[PDB]
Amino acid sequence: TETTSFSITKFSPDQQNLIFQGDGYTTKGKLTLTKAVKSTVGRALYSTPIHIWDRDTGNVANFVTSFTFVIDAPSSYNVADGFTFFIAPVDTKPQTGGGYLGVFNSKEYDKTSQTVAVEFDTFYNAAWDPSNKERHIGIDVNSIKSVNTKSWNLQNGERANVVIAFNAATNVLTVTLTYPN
């Protein structure tokens, strides 16, 4: 049995329990990943390794996370590029930017990736994103091409409440997003 848990409701100026990559930093008690600038990547990882399953017992972990974020666009027809919560190998570093959202490099399933990402995609990349050209929540495994999606209507500037849960008896990963209004 090993359990683990945390909660930060306000970020310090030196969050020493976080790893920042690319343009991530803390200001005003928020964790900011990209400012509204052209062509930049922002990543922040929790530093303790999480033990998600076991060679010896073959067990997998149940888990849940919940967070709050806003995306703040100059308007609603200039909005790029997205935001991801992901689970990755311990030495993870930022991958390819722009529509690849910092965590992947192709739409072709790459087993070496070892990354599960949940995404909140704000921009259609014609080459892999749903043909309906809508903003969407997606689950991706080892590829920038979601294995499943839901179209969601960005409320530019509002605070979204997300909960992600994974159940280890059922192998089901679920995502729900809530807007206040």
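So that there is no doubt, residue numbering starts at 1 and follows the sequence shown.
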query	finding
Segment of higher mean CA temperature factor, 134-142 or 114-122	134-142
Mean C-alpha B-factor comparison - 147-155 and 44-52, higher one	147-155
Options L31, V60, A127, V70 - largest CA temperature factor per the record	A127
Modelled-residue ranking by C-alpha temperature factor, third containing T174	lowest
Third of the chain's Cα B-factor distribution that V103 belongs to, per the entry	middle
Chain-wide C-alpha B factor ranking for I87, given as lowest, middle or highest third	lowest
Assigned third (lowest, middle, highest) for the C-alpha B factor of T1	middle
Chain-relative CA temperature factor third for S66	lowest
